[PDB]
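In: Here's a sequence, model it:
(chains A, B, C, D, E and F, ligands or ions: 6)
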Number of protein chains: 6
Amino acid sequence: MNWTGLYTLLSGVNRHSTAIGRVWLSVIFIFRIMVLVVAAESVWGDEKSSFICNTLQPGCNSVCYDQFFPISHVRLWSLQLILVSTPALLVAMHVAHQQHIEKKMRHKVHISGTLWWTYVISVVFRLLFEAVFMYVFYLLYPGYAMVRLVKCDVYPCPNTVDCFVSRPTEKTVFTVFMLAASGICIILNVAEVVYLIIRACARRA
Amino acid sequence: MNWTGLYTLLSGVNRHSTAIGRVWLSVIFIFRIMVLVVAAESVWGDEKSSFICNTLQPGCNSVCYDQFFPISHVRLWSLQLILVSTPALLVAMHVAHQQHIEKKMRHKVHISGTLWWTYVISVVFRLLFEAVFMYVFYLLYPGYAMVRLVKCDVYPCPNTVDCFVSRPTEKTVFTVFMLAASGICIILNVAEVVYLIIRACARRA
Amino acid sequence: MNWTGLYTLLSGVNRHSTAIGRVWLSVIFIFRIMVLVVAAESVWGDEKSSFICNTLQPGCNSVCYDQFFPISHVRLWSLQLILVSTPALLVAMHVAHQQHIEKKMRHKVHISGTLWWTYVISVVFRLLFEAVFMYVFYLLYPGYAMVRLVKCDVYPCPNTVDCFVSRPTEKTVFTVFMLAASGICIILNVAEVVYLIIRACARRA
Amino acid sequence: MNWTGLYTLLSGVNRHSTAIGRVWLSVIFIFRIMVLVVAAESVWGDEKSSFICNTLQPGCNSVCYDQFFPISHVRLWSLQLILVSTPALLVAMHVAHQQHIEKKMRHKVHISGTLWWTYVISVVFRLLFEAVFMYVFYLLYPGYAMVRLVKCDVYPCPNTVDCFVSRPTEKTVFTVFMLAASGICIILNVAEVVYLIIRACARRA
Amino acid sequence: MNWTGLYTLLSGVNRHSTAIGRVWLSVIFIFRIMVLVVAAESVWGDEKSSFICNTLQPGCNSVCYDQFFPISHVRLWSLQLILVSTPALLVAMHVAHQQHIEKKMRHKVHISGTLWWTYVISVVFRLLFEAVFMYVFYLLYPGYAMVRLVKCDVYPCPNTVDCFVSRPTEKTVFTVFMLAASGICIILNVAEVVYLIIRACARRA
Amino acid sequence: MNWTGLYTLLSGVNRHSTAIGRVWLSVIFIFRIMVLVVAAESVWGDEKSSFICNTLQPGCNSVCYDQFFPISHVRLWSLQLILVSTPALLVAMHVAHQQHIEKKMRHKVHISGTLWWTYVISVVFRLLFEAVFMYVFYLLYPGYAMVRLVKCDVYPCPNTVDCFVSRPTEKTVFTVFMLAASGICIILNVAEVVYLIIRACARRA
Ligand SMILES: CC(C)CCC[C@@H](C)[C@H]1CC[C@H]2[C@@H]3CC=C4C[C@@H](O)CC[C@]4(C)[C@H]3CC[C@]12C
Ligand SMILES: CC(C)CCC[C@@H](C)[C@H]1CC[C@H]2[C@@H]3CC=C4C[C@@H](O)CC[C@]4(C)[C@H]3CC[C@]12C
Ligand SMILES: CC(C)CCC[C@@H](C)[C@H]1CC[C@H]2[C@@H]3CC=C4C[C@@H](O)CC[C@]4(C)[C@H]3CC[C@]12C
Ligand SMILES: CC(C)CCC[C@@H](C)[C@H]1CC[C@H]2[C@@H]3CC=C4C[C@@H](O)CC[C@]4(C)[C@H]3CC[C@]12C
Ligand SMILES: CC(C)CCC[C@@H](C)[C@H]1CC[C@H]2[C@@H]3CC=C4C[C@@H](O)CC[C@]4(C)[C@H]3CC[C@]12C
Ligand SMILES: CC(C)CCC[C@@H](C)[C@H]1CC[C@H]2[C@@H]3CC=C4C[C@@H](O)CC[C@]4(C)[C@H]3CC[C@]12C
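Out: Residues are numbered from 1 along each chain as shown, chains lettered A, B, ... in the order given. Ligands and ions are numbered 1, 2, ... in the order given. For reference, the structure is listed below:
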């Protein structure tokens, strides 16, 4: 597991990506993966059982947890990580496939231009996915701090029982870490698009 | 774990598959595997215990869960993934075996034609398996949204107790993701069959 | 993890096995392993706790589960998989050992004949093990469908309490899959024996 | 993970071991490891909780389980596997060390003789360990069949409550498998010692 | 997994780091990782359930644990390990990227100087992160010894119930180990900065 | 995973260690690791829950377990294994670093002498750590046999309730195994120091 291998794997063997994607984006992906793993394995553990309510009627706890947490934070970050990693996977497979096609046997200039457009559009899609997940996170959970207690009131629960959230401060810390990682990813993606466009326009002149 | 190795592994070292199977189908397989892993490990966890009913007679919960969920979604997707991956496995083993037979020592043209027919029939079988699992999913679970509560009524359960489903919205989200992945796989398989047939007929002329 | 490596590993580097064992038998072994893993990890989970009875006397549930399920299906398939995989392991080790002995330094014709007989006898033993496990499965569990409820009556259980089986339809589906895989393995083993004998007799003439 | 690598790893790169140790002993070790893994992971699971007694005084179940099962079967087989595998590990390390010493720079004949004696004594120790564990198994658990129920009577338990054993028939099956594997290992070890001594004496003449 | 590979991986292939970072810092990182793994897997296990209170009102235990342990020690050390490992990751990626850029085709002297400044600033950031986490640990948990029992008093808990901490002495031991590892890391980082600055100034003269 | 690789990895690529450390010490480390893994995974499982007391006041069990078992045996052996393995890790990193420094470009004689002193001092530290952990084990747990029942009397526990220890005989067996492994490690370390000193003094003459 040498460093050249890990760097090449995270780079995607893409000859158009600049140092922002080669170094900073890959590092932040590693950082976000590690934080997500820690949060998933420890903080949001059996989150169904951790979320407790002062009630005795069966099923009241389950409905309240679904009502106040339609999607748990880790699952949303898991989906976000998968979705934003998909265009990178597509670009890597495209590069590998083009290498294979070349290996079977100018047209190479056309291939390079196609790869350039593919990478730029992939970064734009990655930026859009990050922005969409950020907006979804804002829509589901206003603010950045985990709620401590909630006043649940739903059909299986009579008398408007109140429920408590396990590890609220710890979850707030990890929420800030994940949001910060996503925000910096957005900044880097915008920087890559601008840098590539500027360099391409300068080369055109 | 270089990208050439992963691309070759997912391709099956099949010289007749086009860029649709080399790139798009493999990527969607990776995407579907990751979503399934997340859903299996977190969303559909101890699904037997999550599905709860407001009753005290032992065994009522188990029978109700079996009555309304004959096959849980993850198991159906697990079987679907195994079944649709089987023809790809068969083609890969056929290619490896033909390479071995050649390595022991025109007939190679006949081998190439046999591989071509094998791949085309394998894609047709993969398409049929995807369609069958899609129809089974429609038959077992009408619609695309997880039911929130059900009115169970079976022998161990008196008085027609009602049961609640854990994480209904989250399960709906993953259901849509899995259905979308399966649908795009169907589209790509049809495209590969049409593309191969068109190219073969053009070559015949 | 290239395809040549996986194909060679499953083949056993046996120069007498035909395409049936190289391709079809190995694929079905992979398929059976995957289905067994899914069934073991999810379907037959904590099968002791899943099997429930409407009784309060401690130990009644344990005795009833032992009385109606002397050996759980997954353990039987696990033992079956180990036993039927053993002759393949023996042949692979024999081939490796013969290569080592040759590497230390006609007699090679005698070695080839010994390997031929070893492979044929190994396939016969594999067929016998499959048939024996099939008969044992028939003897323990008549039919192919998991029982839904049973009327247990044993010493710790008074009043002949009835017990329920968790996930009966899902277990039936996996039972059919495992039985089908075993049946096709039997067919392929018979085909290999017949094909080898026919080819050997033809070569004798 | 080629077959030559696995065969070499299990052989210990020992040039004095005959085909019995290269092939049959290694295969039985693999078989015993797999059966032990299955038994440990499934059959003897939370064996403390599975062993149940019809009593309410806390700690009675724990003392009864300790009183009738001083050492659980899997732990005894785990210790047996470790102990009988230790001399093989010692021989492998000795061979590697001798290769290293040779690599630093007849004396090689003396080295070969020392390796021969080391291997023979290691096999004798392996045979003794197998016999000792077999005798211990006989001493702790007379017979070969798991007891179904026991009549416990110890200080925390009043009124001589009776306890039940979970999965008795399944445990009996695995016990027979493990005992059979150990017995065949004893036979093979005796055969190796006799074969080596006979061949050495014949060479002396 | 040879020693040269592990040493190179932990070194980051950085040609400016001295023997302090190559040897001592990497060893302490390994030591800290192992201690953290042991503490996470065993000592701080289901820490939510281990922390118990003599009360019956649901949710009181959860709020008390959050009130006295806003962030559990393992999570804080996990975040600390990730944060202090990040600059090392950045330097490694920078070195790999510079090697790639060189591989595409004095400027190399400028590259070496940039790498030198990058490494020095990274060590300073690593030192600052260690100091910040040390101060946070002091702020959250005064002293170095785990509290045995606490007198919780919060809204869901009436009558000021008292709670007990599981494994206090064991947690104290691991706390001292982790604090000692962090302290020595601080000392080594300061030593590296001073050594590099002294050597650079001497070279300037 | 060839034997040369494993032997080299456990040796540390140290050219001054004799056959005692190359072969016997490495083997005993492997043996101790395996026994510790078995004990940790099975014997000392959820040791908090296994240790039970005949009481109903919450938290009494936790305090009693902490009072009679300040540090559980597996954690002590885990810390012991980490601590005694640390000097071996330091020597391996030193050798790798010296190889790297040599690779950058008599002084080699000075390097060899420094490595010799480093190894000797490391063995002395390893011996001291083993002796210290042995004394700590004696201090915490007099004797070698696990206590069966204890008479706990602490603040949360009224009336001096008695507690029982799960699997006392099994834990005694593993305790003897671990103590024996540590004792033989002490003997081998003393032998290595004496052998190296004797050989060095003889070479001086
Ligand atoms: C610059 C940054 C964003 C690059 C991100 C690249 C990441 C997302 C890529 C690089 C290598 C990829 C991995 C390569 C191989 C596998 C094995 C496969 O069986 C599951 C997916 C998995 C694990 C891939 C997931 C996506 C992955 C981790
Ligand atoms: C174009 C797409 C559909 C190709 C899909 C290829 C997938 C289904 C193939 C490619 C490599 C294959 C894997 C190769 C090796 C192994 C190891 C074996 O012990 C279990 C099965 C497993 C894990 C295979 C499962 C099927 C697999 C993942
Ligand atoms: C044609 C078909 C039936 C061939 C079947 C071959 C199977 C049964 C063989 C091929 C490779 C073998 C594996 C090779 C290596 C190991 C590692 C060892 O530590 C445990 C057993 C295990 C995992 C073997 C189990 C048996 C195995 C999986
Ligand atoms: C002929 C038969 C009896 C040979 C038996 C050889 C077995 C016992 C040997 C062969 C290879 C050995 C393994 C080689 C490497 C490791 C990694 C180490 O970190 C733990 C022990 C472990 C897993 C060894 C355990 C013992 C082992 C499995
Ligand atoms: C001198 C000391 C401080 C160097 C510390 C280097 C450590 C922090 C570096 C060296 C190798 C790195 C690992 C290399 C590869 C991977 C795989 C990736 O999928 C997750 C992160 C992970 C596991 C990295 C984490 C950070 C890591 C462990
Ligand atoms: C002669 C005897 C005492 C030598 C003992 C050497 C042992 C203690 C050394 C040899 C190889 C080392 C391992 C090499 C690589 C890694 C990976 C790292 O991410 C965690 C630590 C770990 C697992 C090391 C732990 C210490 C280790 C196991």
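In: quick one: contacts for the nearest residue to residue A:39 once chain neighbours are set aside?
Out: In this structure, residue A:39 finds its nearest non-sequential neighbour in residue A:174, 4.5 Å apart by Cβ to Cβ, 6 or more residues apart in numbering or on different chains. All C-beta atoms are positioned from the backbone trio N, CA, C, and that covers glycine. Neighbour list for residue A:174: A:35, A:38, A:39, A:43, A:73 [criterion: Cβ atoms under 8 Å, 6 or more residues apart in numbering or on different chains].
In: quick one: residue A:174 and ligand 1, what's the gap?
Out: Computed with Cβ to the nearest ligand atom, to the nearest Å, the distance linking residue A:174 and ligand 1 is 20 Å.
In: And for residue A:126?
Out: Relative to ligand 1, and taking Cβ to the nearest ligand atom, residue A:126 is found at 8 Å.
In: so that residue sits in a helix?
Out: Yes - counting by DSSP: H, G, I helix; E, B strand; the rest coil, residue A:126 is found in a helix.
In: Going along the chain, name the helices of chain A.
Out: Ranges of helices within chain A are A:3-11, A:19, A:26-38, A:47-50, A:60-68, A:73-104, A:107-140, A:168-204, based on DSSP state H.
In: Can you say which of those helices is packed in most?
Out: Across those, averaging neighbours per residue (mean count of other Cβ atoms under 10 Å in any protein chain shown) puts helix A:60-68 on top, at a mean of 21.
In: Is chain E within reach of that helix?
Out: No - using Cβ under 8 Å from any Cβ of the partner chain, helix A:60-68 stays clear of chain E, coming no nearer than 9.5 Å.
In: Residues contacting that helix, please?
Out: Outside helix A:60-68, the residues that touch it by Cβ under 8 Å, 6+ apart are A:47-48, A:51-53, A:55, A:147, A:150, A:152, A:154-157, A:161, A:163, B:50, B:52, B:164, B:166-170.
In: Which entries within those meet the buried criterion?
Out: A:47-48, A:51-53, A:55, A:147, A:150, A:152, A:156-157, A:161, A:163, B:50, B:52, B:164, B:166-168, B:170 (16 or more other Cβ atoms under 10 Å in any protein chain shown).
In: The contacts of helix A:60-68 in strands, which ones?
Out: Counted as lying in strands by DSSP state E, out of those, are A:52, A:53, A:150, A:163, B:52, B:164.
In: show me what contacts the closest residue to the last one other than its chain neighbours?
Out: Nearest in space to residue B:164, with sequence neighbours left out and distances taken as Cβ to Cβ, 6+ apart, is residue A:59 at 4.1 Å. Under the criterion of Cβ under 8 Å, 6+ apart, the neighbours of residue A:59 are A:156, B:52, B:53, B:54, B:163, B:164.
In: before we move on, the earlier item: ok, so of the contacts of residue A:174, who is nearest residue F:25?
Out: Lowest distance from residue F:25 to the contacts of residue A:174 (Cβ to Cβ) belongs to residue A:38, with 35.8 Å.
In: isn't the closest one right up against residue E:75?
Out: Yes - between residue A:38 and residue E:75 there is a contact at 7.0 Å, judged by Cβ atoms under 8 Å.
In: Report the separation between the closest residue to residue A:89 other than its chain neighbours and residue E:194.
Out: Take residue A:89 and drop its neighbours on the chain: the residue closest to it by Cβ to Cβ, 6+ apart is residue B:27, 5.6 Å away. To residue E:194, residue B:27 is 50 Å away according to Cβ to Cβ, to the nearest Å.
In: Show the backbone phi and psi for residue A:160.
Out: In terms of degrees, to the nearest 10, the main-chain angles of residue A:160 are phi 60, psi 70.
In: That one - how many residues pack around it?
Out: Residue A:160 has 9 neighbours, counted by other Cβ atoms under 10 Å in any protein chain shown.
In: next one: the one 5 residues further on
Out: Burial of residue A:165 is recorded as 22 neighbouring residues (other Cβ under 10 Å).
In: Settle this for me: it is touching residue A:145, isn't it.
Out: No - counting by Cβ under 8 Å, residue A:165 stays clear of residue A:145, with 10.8 Å between them.
In: Give me the nearest residue to residue A:50, chain neighbours excluded.
Out: residue A:166 (3.6 Å).
In: Give me the distance between that neighbour and residue C:140.
Out: 45 Å.
In: and chain A, which of its residues are near chain B?
Out: So chain A meets chain B at A:5, A:8-9, A:12-13, A:40, A:48, A:57-59, A:62-63, A:66, A:70-72, A:74-75, A:78-79, A:82, A:86, A:89-90, A:92-97, A:99-100, A:156 (Cβ under 8 Å from any Cβ).
In: among these, which are within reach of ligand 1?
Out: A:9, A:89 (Cβ under 6 Å from any ligand atom).
In: so can I have JSON lines of the ones in strands among the contacts of helix A:60-68 showing distance to residue D:109?
Out: Formatted as JSON lines, the ones in strands among the contacts of helix A:60-68 follow (distance: Cβ to Cβ, whole Å):
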{"residue": "A:52", "distance to residue D:109": "76"}
{"residue": "A:53", "distance to residue D:109": "81"}
{"residue": "A:150", "distance to residue D:109": "83"}
{"residue": "A:163", "distance to residue D:109": "80"}
{"residue": "B:52", "distance to residue D:109": "76"}
{"residue": "B:164", "distance to residue D:109": "80"}
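In: Can you tell me which of those residues is nearest chain E?
Out: Using Cβ to the nearest Cβ, residue A:52 is the member of these that sits closest to chain E, with 4.9 Å.
In: How about the contacts made by that closest one?
Out: Residue A:52 neighbours (Cβ under 8 Å, 6+ apart): A:61, A:163, A:164, A:166, E:58, E:59, E:62.
In: With only the CA atoms kept, save stretch A:27-42 in CSV.
Out: Taking Å, rounded to 0.1, in the frame of the first residue of the first chain, the C-alpha atoms of stretch A:27-42 are listed here in CSV:
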residue,chain,number,x,y,z
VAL,A,27,-7.6,14.2,1.2
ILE,A,28,-11.0,15.7,2.1
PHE,A,29,-12.7,12.6,0.8
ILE,A,30,-10.4,10.5,3.0
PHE,A,31,-11.2,12.8,6.0
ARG,A,32,-14.9,12.7,5.3
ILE,A,33,-14.9,8.9,5.0
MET,A,34,-13.1,8.5,8.3
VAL,A,35,-15.3,10.9,10.2
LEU,A,36,-18.4,9.2,8.7
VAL,A,37,-17.1,5.7,9.7
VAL,A,38,-16.6,6.9,13.3
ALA,A,39,-20.0,8.5,13.4
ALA,A,40,-21.8,5.5,11.9
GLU,A,41,-20.0,2.9,14.1
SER,A,42,-20.2,4.8,17.4
